[PDB]
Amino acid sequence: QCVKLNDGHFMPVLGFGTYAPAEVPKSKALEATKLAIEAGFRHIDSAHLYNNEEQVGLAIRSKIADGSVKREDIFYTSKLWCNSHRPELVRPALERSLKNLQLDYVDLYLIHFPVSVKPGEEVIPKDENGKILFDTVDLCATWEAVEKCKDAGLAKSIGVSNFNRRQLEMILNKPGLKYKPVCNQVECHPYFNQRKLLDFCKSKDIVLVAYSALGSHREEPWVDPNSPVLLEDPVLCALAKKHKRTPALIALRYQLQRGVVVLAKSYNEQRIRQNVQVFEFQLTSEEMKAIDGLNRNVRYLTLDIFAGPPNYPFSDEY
């Protein structure tokens, strides 16, 4: 149920997504994460950006309090947001997440997105024309500061998110590198299966962690409603009928069988319980190949909001 990371720690291969659209009230993240843990999730994904770490930590700590799990059974990821890329601000951001969580360490701390914005409590600062107030930070300098968080024991493992290949080689080839990224958390699903980036990550012992593995929240204005609905896919639905599963389950199983660690968000008790059944069955080689054909280079989360600056990850081929 776990993949060994390039730093020797273990990451459960199914992870619970906690991000939800802003309209969802904060209290739902607490109850959803508790259900997820009860249902069998041990890997929990959050971030400063999500504004739920107080609730997600309470949920985690509640299931420790009631004897469900031990701290060491839980793999909790946080992420450094773009307003704290500056080296001096990286540890303060990690310590703020920890005080919010009331946890002593995160199992994994990621650079969330490689484009920096102006420091300040505003996660998306903007000028009067509505344009983003970008910042100028050496991402290698950011990484050195993330590394010291591992030195200090505040983050068991460290990694990146939304990095392309050239950005991974920039970390990888940096002089004096102490710690490789253990993972690169990116959008990945049968409509955007990241085959090329996945093959690169493997080459460097970097785990690819798939987000929007189920086709994403589809929340406007982040995703176009005219994009195809992954979970309405004819092939996924046929494999669902054949296996007596669901299309979400097919989508999730596909990643596990190609060596991708897979996130899955849901605030619904029924589907939270359904999704941990990804371990109960398996796809054949021919079904895997059919799902491979579904690729349409369809990115749900383009994050145009942050395009323009060079660090914008999604302009390269991969």
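In case it trips you up, residue 1 is the first one in the sequence shown, and so on. Think of the rigid core as the biggest set of C-alphas that the two forms share within 1.5 Å after superposition.
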Fitting on the core, do the C-alphas of 123 to 131 or of 193 to 201 deviate more in 6 other deposited structures of this protein? 123 to 131
After core superposition, the stretch with larger RMS C-alpha deviation in 6 other deposited structures of this protein, comparing 218 to 226 and 181 to 189, is 218 to 226
Between 245 to 253 and 66 to 74, which has the larger average Cα B-factor in the PDB entry? 66 to 74
Output the stretch having the higher mean C-alpha B factor in the entry; the candidates are 281 to 289 and 262 to 270. 281 to 289
Whose CA atom has the top B-factor in the entry, of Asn129, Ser203, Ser97, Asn83? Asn129
When the entry's CA B-factors for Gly153, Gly215, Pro114, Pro221 are compared, the highest one belongs to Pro221
Would the CA B-factor of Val146 place it in the lowest, middle or highest third of its chain? lowest
CA B-factor ranking of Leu231, expressed as a third of its chain: highest
Using the temperature factors of the C-alpha atoms in this entry, rank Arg195 within its chain: lowest, middle or highest third. highest
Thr33: CA temperature factor from the record, placed by chain third, in the highest
Going by the CA temperature factor in the PDB record, which third of the chain does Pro225 belong to: lowest, middle or highest? highest
